[PDB]
């Protein structure tokens, strides 16, 4: 569902724990590289909590596996993203997404 490839290593031992907030920077792109969003463009990190279905299932399973300081490329198939419907005007139907995400800190 999600393929995770490391770009920059994290510590290998601080992983997100239940009810922590993850603070990340990310850049989301469709499969061919067309960028649709980036927190880094706003220079403002994105915060969310894992395990509560706040985010698509690729991030829930992807980011849970990351350790603080790691930066990784998550390649997420449509079934772990926005499915047959997509998000009309931004994410097409059946879209594989590629996010570049960096786990900055847990708070």
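The term rigid core refers to the most C-alpha atoms you can superpose between the two forms while keeping them within 1.5 Å. Residue numbers count along the first chain shown, from 1.
- Relative to the shown model and aligned on the rigid core, the C-alphas in 4 other deposited structures of this protein deviate most, among 90-98 and 16-24, for 16-24.
- Stretches 20-28 and 85-93 differ in mean C-alpha B factor, with the higher average recorded for 85-93.
- The stretch with the higher mean CA B factor, choosing between 54-62 and 76-84, is 76-84.
- Per the PDB record, 2 has a higher Cα B-factor than any other of 101, 106, 7, 2.
- When all modelled residues of the chain are sorted by CA temperature factor, residue 43 is found within the highest third.
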